[PDB]
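[1] As a preliminary step, the opening chains of the complex are given here in situ:
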Amino acid sequence: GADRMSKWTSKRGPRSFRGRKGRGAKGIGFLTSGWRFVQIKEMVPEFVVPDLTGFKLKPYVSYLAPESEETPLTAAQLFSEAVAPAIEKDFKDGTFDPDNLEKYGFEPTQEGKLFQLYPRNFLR
Amino acid sequence: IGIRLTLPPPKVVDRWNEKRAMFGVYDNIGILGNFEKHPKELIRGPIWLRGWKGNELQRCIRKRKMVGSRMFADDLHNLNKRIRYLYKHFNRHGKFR
Amino acid sequence: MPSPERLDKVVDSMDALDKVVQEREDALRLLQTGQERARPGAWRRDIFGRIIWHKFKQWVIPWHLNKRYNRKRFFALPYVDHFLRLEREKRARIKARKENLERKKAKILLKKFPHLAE
Amino acid sequence: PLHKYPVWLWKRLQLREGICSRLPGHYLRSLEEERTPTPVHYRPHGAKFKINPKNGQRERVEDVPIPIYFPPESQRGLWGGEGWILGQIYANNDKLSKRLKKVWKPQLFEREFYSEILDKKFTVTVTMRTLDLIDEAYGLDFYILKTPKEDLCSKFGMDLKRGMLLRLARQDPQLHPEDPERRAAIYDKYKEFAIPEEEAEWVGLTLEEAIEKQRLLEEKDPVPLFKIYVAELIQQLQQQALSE
Amino acid sequence: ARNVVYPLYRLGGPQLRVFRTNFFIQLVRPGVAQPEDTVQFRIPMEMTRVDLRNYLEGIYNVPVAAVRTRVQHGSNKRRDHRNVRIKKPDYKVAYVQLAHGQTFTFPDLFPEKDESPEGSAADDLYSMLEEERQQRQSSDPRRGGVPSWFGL
C-alpha cells in the first residue's frame, strides 16, 4: 500500500520523522537544555566578496580574440615557472643545500597552516 | 488472415561462392595423404561434439564430463536437471521393454 | 526568453573559471605533497563484497571509539561469493550478446552495401 | 557461454595477481603445498596391493582419508590433529536397521606447558594424543618445531612455531639476559631448526595476515613532486656545468 | 556552498569563510498579494536564511531585516507513455523583508510597447505569404465553381 518508489523526504512520516529528517542544509549551532538553539558565529560561512570598483573584465569576451591553443597546467610547468629560476640562481651562486627547501618554497608539513593542502580545510 | 498479401522478396543464392566452390575438399585427406590426418580432425564445433555421435542423454553426459567445470552456475544446474529428467524418461518410460 | 544562449555562455564561462582554479590548486597540491586527491579515501569491500572507494569523513574522536562507524561493516562473509559469481556471469552474458549483435550488424551491412567489400 | 578457466582455478588465478603476487616466493610455495596429513582417525593399510580372500587376486588398495571437523575452539589449543567426526551409524551395527547421525568428540584437558626457547608457561587445551606426541618428540619445543602445520592443526601452534623460529634466527638476548651460557645452550640444543629470519617471519601466517603484512610493508607516503623536480633540475644543471 | 565538504569546527577554531559560491538565486514575482517591503526568491535547497541574509548583504549590498523560508513540493502526478511517474523538482522559496523601510515592486519585464516593432523588419517569407493572401480573393458565388483563371 505504501509508495516505495518515491524519494524519502521530510514531508513523509509522523512528527518525529518530519522534525528529524533534514533537507541538506549545513548545521550552524547546537541544541542545549530546553530545546534552545545556540548559534556559533564562526560556523556560519562568511562570503568574502571583494571590491568590484574599477574592474576591467566583463562577463563576455569580444569575438575579436585570437584562439590561443589549450595547454593544461601541470605541476612540472608550475615548478618550472615558479621555483626553477630561484633554484638555478642559487646553484650558479654556489651555496645550495637540500636543507633550504623551506626558503625555496617547499613546505615540509601542512600542520600549523590556515589552509592545509591535504586534507584541505577550506571550501570552494 | 494468417497469410501474407504480398510476394516475399526474391532470394539470390550464389552457387559459386568460396564455401560452395570449396566444399568437400580434403574429405579424403586420410586416404590420399598416407593417413597422417583423419577426416574427423576437420570437424569444427564444440569440444564435446568433435568426432562423436549420440542421443540427447549421451550428449548431455559428455558435455558435463568435458566442460562441466567451466559452465555458468545456471547452465550447469539446468544441465544437471536435464540429465536427471532424461535418465528417468529413458530408463522408466517407453512402449517397449 | 530574449537571448537564451546568454545563460549557456555564462554557465560555460563559470565552469571554465572553476576548472582553471581547481587546476591551479591541484598542481600546487601535487608539488607540495603529491596527493592526487584533496579528500582522503580508501579501497574497501562493503558488506555486499564489491570493491568500493570509501571517502573518509571528518570526526572528533578516533574511529575505534566511534559507535556509528563501528556498526558499519567493511568485510564480506563467504555467502556473497556465489552472488558475485552470478553477477560476473550476468555481465559476461551481456557482453557476449553485445559482441554477437555487433558482428551480425557488420555482416548485414556488408551484405547490403557490396562496395564496402570492394 | 563458458568460462576461460575452470572455477577451481580462480583462487590460483587471483593469487597470480595483485598484492598476492608480491608475496615472498617461499611463503607462496609453503601455502601452495598440499601434502597429506598424518592419519589419526583411520588406520592405513600399509601396502599398495593386497590379496582379495574371495578370489585370491592381487588388487590395488588405497587409503581414503576420513573428513574431520575442526571447531574454532581448537585454534586456541593443541589438539594434536584430533577433531570432531561427523558421520552416520547403522543401529546395532546392522545394515538393515536405521541410519542415525553420530558425532564423535575428542576428550579435552587443560594442561600447563613450559617452553625453553620462549621461557614462558602456557596453559592450553590439549589431548592425550598431543601429550603422547610431545613425549615422543622429547619436549614441547621439539614437537612444535618438528610437526608440520598439517599435523599441528592449530593457529596457536603455528604462532608458537613462528615465535620459536624468529627467536632462533635472531639469537635474541631477551632469552635469559643475564645467563648467556644458558641462552647459548638452548640455542645449540635447538640449532638444527635454524631458519633465516626473512623466511621465518612468514611462518604460520594465513592468507589474510600475509596480505595485511605486505600492505603494511608497502605502505609508504608519496614523496612530493617538489623533491624529485628539484633533484632532476639540479642533476641537469650539474651535467650542463660538466659539459661547459 | 553546495556539493562540498564543510571543514569541521572546534572551539577556538578559525572563522569559516567561502570565497567562491555556487549558490544561485532567482528573484520571482509573488503569486499572492504581499506587503511592499517583501521580496520573493527561489533559492537552492542547501541554503539557509542566515546564508541568504549574508549573501544579499555582501554580493548585492542589500540591507535585509527578516527572512522566512519554506519548501515547496513538486508534483509527482505526471506520467509518461510507460506509465512511470515524472517528478517535478522540489524548491525552496524565501521571503525577505527590506531593512530601512524601502518598498520594492516587480516591474514588467515584457512591455508591450517594447515588444512592438519600433524599427522596420522585412521577412521575405512573411511578405510573400501576406501578398498572396491579400491578392487572392474568394470565388464569386455567381460563377458557381467555374475556374477564374481562364480568360474566355
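    Happy to help now that I have it. Numbers count the residues shown, from 1 in each chain, chains lettered A, B, ... in the order given.
[2] Let's verify the residue in chain C that chain A sits nearest to: helix, strand, or coil?
    Closest residue of chain C to chain A, C-beta to the nearest C-beta: residue C:30 (4.0 Å). Bear in mind the C-beta positions are built from the backbone N, C-alpha and C, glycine included. Of the three states, residue C:30 takes helix under DSSP: H, G, I helix; E, B strand; the rest coil.
[3] Run through the residues that contact the closest residue to it other than its chain neighbours.
    Nearest residue to residue C:30 in three dimensions, chain neighbours excluded: residue A:75, at 4.0 Å (C-beta to C-beta, 6 or more residues apart in numbering or on different chains). Contacts for residue A:75 (C-beta atoms under 8 Å, 6 or more residues apart in numbering or on different chains) come out as C:27, C:30, C:31, D:225, D:229.
[4] Which residue does chain E have closest to chain D?
    At 21.4 Å from chain D, residue E:5 is the closest residue in chain E, using C-beta to the nearest C-beta.
[5] swap that for chain C, sorry
    Here chain C gets closest to chain D at one residue, residue C:34, 4.3 Å apart by C-beta to the nearest C-beta.
[6] Surely that residue is within a helix?
    No: applying three-state DSSP, one finds residue C:34 to be coil, outside a helix.
[7] Report how many residues lie close to residue 10.
    Picking chain A for this. Using other C-beta atoms under 10 Å in any protein chain shown, residue A:10 has 13 neighbouring residues.
[8] hmm, I had chain C in mind actually
    By the criterion of other C-beta under 10 Å, residue C:10 has 12 neighbours.
[9] Next, find the distance separating it from chain B.
    53 Å (C-beta to the nearest C-beta, to the nearest Å).
[10] In this structure that residue contacts residue C:3, no?
    No: contact status for residue C:10 versus residue C:3: not in contact, 10.8 Å apart, counting by C-beta atoms under 8 Å.
[11] Need the nearest residue in space to the residue of chain E closest to chain D, chain neighbours excluded.
    residue C:39 (6.5 Å).
[12] Against residue A:116, how distant is that neighbour?
    To residue A:116, residue C:39 is 12 Å away according to C-beta to C-beta, to the nearest Å.
[13] Neighbour count for the two, which is higher?
    A count of neighbours by other C-beta under 10 Å puts residue A:116 above the other of residue C:39 and residue A:116, at 17 against 13.
[14] ok, now chain F:
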Amino acid sequence: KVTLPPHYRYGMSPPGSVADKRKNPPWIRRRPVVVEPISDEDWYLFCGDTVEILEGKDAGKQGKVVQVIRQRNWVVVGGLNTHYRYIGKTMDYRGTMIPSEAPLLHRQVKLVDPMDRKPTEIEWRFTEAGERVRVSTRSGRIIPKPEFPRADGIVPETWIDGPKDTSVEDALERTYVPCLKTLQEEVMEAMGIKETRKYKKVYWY
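    So, slotting chain F in with the rest:
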C-alpha cells in the same frame, strides 16, 4: 540535455524542433535505416561547395550544398532535386506553392573541379606544411573548404563590442604570476583579512 531513442531516425526537420517532435514521438519504433558508414576523415562533402547531381530528375546540374547530415550520408543541394509543396495552408486558403529539395547521397552526387566543370574523384593528401587538403585523381589540384557562415551567425568582421563585452586588450593581457600559494590565501592577503586562531587537527576516517 539530449533525449534520443536508440533507433531515432533523422529527418529534414532538426532534432528537437516542433515538426521533428510531431514526426518522431518518443514511443515510435520504426525500422532502422541502414547507412553506409563513412569515417570522419573519409567524408569530404562540406557546405557551400558546388557539386553535380549524377542521378535524379535533373541530372548533370551543379548546385551548392546548403545542408549536410552525417547520420544518413545526406547532402542537400540548394534549388536542385526539388518537388513542390503548398505552404500557408488553412481551411480558407488554398496554400502557397513553394519548392522543397530532397536528400541526395554521396554516391548520388559527385564533387566537381572548380576550374573544369566536370565531376571528379578526390582523395585526401597532405601538403608540404602538413596541412590536410583534398586532391583529385585527374588533373590534381587543391580544392580547399569553401567559406561558410558560422552556425551562431556571428560576424567578427562586423562585430561591435557591447556594454558587457570584455575588450580585446584587457582579455589578452597576462596578469597571472606563478607562485606557490592558493587563491584563498592570496585573496585573504590582498583584502587584509587577519586570522590568528589555528585549526585543531581532526580525525579523518
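[15] Go back to the neighbour count of residue A:10, now with chain F?
    Counted by other C-beta under 10 Å, the residues lying close to residue A:10 total 13.
[16] Now do the contacts for residue C:116.
    Contacts of residue C:116 by C-beta under 8 Å, 6+ apart are C:109, C:110, F:36, F:37.
[17] same question, residue A:102
    By C-beta under 8 Å, 6+ apart, the contact set of residue A:102 is residue A:108.
[18] For it, grab phi and psi.
    With angles defined as degrees, to the nearest 10, residue A:102 sits at phi -60, psi -40.
[19] Please enumerate residues in contact with the helix ranked longest in chain E?
    Using DSSP state H to define each element, chain E has its longest helix at helix E:124-135. The contact list for helix E:124-135, computed with C-beta under 8 Å, 6+ apart, reads F:87, F:88, F:93, F:96.
[20] One more: stretch F:82-100?
    E:128, E:129, E:132, E:133, E:136, F:79, F:101, F:102.
[21] can you list these in CSV and add neighbour count?
    Formatted as CSV, the contacts of stretch F:82-100 follow (neighbours: other C-beta atoms under 10 Å in any protein chain shown):
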residue, neighbour count
E:128, 14
E:129, 17
E:132, 16
E:133, 14
E:136, 10
F:79, 12
F:101, 17
F:102, 14
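[22] Burial check on residue F:76, number of neighbours?
    Residue F:76: 19 surrounding residues under other C-beta under 10 Å.
[23] Contact residues of chain C facing chain F?
    The interface of chain C toward chain F, taken as C-beta under 8 Å from any C-beta of the partner chain, is made up of C:5, C:21, C:24-25, C:28, C:31-32, C:40, C:56-63, C:69, C:108-109, C:112-113, C:115-116.
[24] cutoff 7 Å now
    C:21, C:25, C:28, C:31, C:40, C:56, C:58-63, C:69, C:109, C:112-113, C:116 (C-beta under 7 Å from any C-beta of the partner chain).
[25] Narrow these to those in strands?
    C:58, C:59 (DSSP state E).
[26] excluding its backbone neighbours, what's nearest residue F:102?
    residue F:81 (4.9 Å).
[27] Return the closest of the contacts of stretch F:82-100 with respect to chain B.
    residue F:102 (24.9 Å).
[28] Phi and psi next, for residue B:10.
    phi -60, psi 150.
[29] Run through the residues that contact it.
    Residue B:10 sits next to no residue when contact means C-beta atoms under 7 Å, 6 or more residues apart in numbering or on different chains.
[30] here's chain G, drop it on:
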Amino acid sequence: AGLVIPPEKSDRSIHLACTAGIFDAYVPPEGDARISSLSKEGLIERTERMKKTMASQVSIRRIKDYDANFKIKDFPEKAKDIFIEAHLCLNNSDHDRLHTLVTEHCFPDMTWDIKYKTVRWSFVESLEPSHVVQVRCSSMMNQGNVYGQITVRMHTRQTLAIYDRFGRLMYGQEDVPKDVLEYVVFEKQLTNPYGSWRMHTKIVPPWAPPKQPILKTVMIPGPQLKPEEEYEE
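    Chain G added:
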C-alpha cells in the same frame, strides 16, 4: 502548429523561384479593344510606348547584361508557344511538365479549381501578333536573387469545355471558338543559371467585358438571423 516559419537559427533556408507579384503594376489604356481593330495604330503605339519608357529599356539592358544572347523581336513567338504548351498541359493534367512551363505562383490558379474536372482546351487561331508592352526587372539583390518581368498582349481565338465530376457539361461550349484578349506576364530568375522564362500571372483590366455566363442557376443566401437579431436591409 504554424508552418509559416521553419525552425529558426538554421543554416538552410527555403529557396524561392518566383516573386509574389508584379514589381510595377501595368494599367492597360481604355479602348485597347478598339486599338486591336486598329492594328497598324496598335503597332505604332506599342513602338512609341517602348521608346518613351526609359525604364523598359533599362530593364532590357539589365536582362541583356545577365544574358547577352537574348532578343526582343523573337520573344513574342516563344511566349505564344509557351502559353499554348502550358494551356495544353491542362488537358492531360501533366503537372510534371507544367512545372517546367509555368511559375509556382501560377500553378495554384491553374490546378486548384480543376482538381476534379475534365477540361478540353484547344487553340484554334491567332487574330493579332503578340507585342512586348513593357519590360521591368526586380530590385538589385533584394534577397540575393534578380527577377525579370516581361509583359505581352494576346488577342487570339480559343476554345473552352469544362465538365463536372460525372462528365456533365458545366461551363463553356466545346465547338464554337471565341475571341480572348489578355495581358500575360512572364518571369525568369536571372541569377539562377538554370532559370527560364515562365508564364507567371495575367492582368484583368477594369474595363474587361463580363465573362461567359454559367449554365446552371445559383442562389445566394441572405444573412441568417439569430432570434434576437431582426432583419435589416
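[31] Re-run the earlier check on the contacts of residue A:75 with chain G in the model.
    Residue A:75 makes contact with C:27, C:30, C:31, D:225, according to C-beta under 7 Å, 6+ apart.
[32] Can you tell me what sits against stretch B:78-85?
    In contact with stretch B:78-85 (C-beta under 7 Å, 6+ apart) are residues B:57, B:60, B:61, B:63, B:64, B:71.
[33] Name the residues of it that come out as buried.
    B:79, B:83 (16 or more other C-beta atoms under 10 Å in any protein chain shown).
[34] Relative to the whole chain's centre, how far out is that stretch?
    19 Å (C-alpha atoms, centre = their mean, to the nearest Å).
[35] if I've got this straight, residue D:110 is in a strand?
    Yes: when classified by three-state DSSP, residue D:110 is found to be part of a strand.
[36] which residues does it contact?
    With C-beta under 7 Å, 6+ apart, residue D:110 has these contacts: D:123, D:125.
[37] Could you measure from it over to residue D:140?
    Residue D:110 sits 15 Å away from residue D:140, going by C-beta to C-beta.
[38] again with residue A:85
    The value you get for residue A:85 to residue D:140, if C-beta to C-beta is used, is 70 Å.
[39] Comparing these two, which residue is more hemmed in?
    residue D:140 (21 against 10).
[40] what's the residue nearest to residue F:164 when sequence neighbours are not counted sitting at in phi/psi?
    Excluding its sequence neighbours, the residue lying closest to residue F:164 (C-beta to C-beta, 6+ apart) is residue A:58, at 5.2 Å. Main-chain dihedrals, residue A:58, degrees, to the nearest 10: phi -130, psi 160.
[41] got a list of what residue A:58 touches?
    Counted by C-beta under 7 Å, 6+ apart, residue A:58 has contacts F:164, F:165, F:166.
[42] Looks like the last one contacts residue A:61 (just checking).
    Yes: applying C-beta atoms under 7 Å, one finds residue F:166 in contact with residue A:61, separated by 5.0 Å.
[43] ok, longest strand in chain F?
    Max-length strand for chain F by DSSP E is strand F:62-69.
[44] and after it, which helix or strand comes next?
    strand F:74-77 (DSSP states H and E).
[45] Quick check: residue D:231 vs residue A:82, distance?
    Taken as C-beta to C-beta, the span from residue D:231 to residue A:82 is 17 Å.
[46] Compare the two (neighbour count), which wins?
    residue A:82 (19 against 11).
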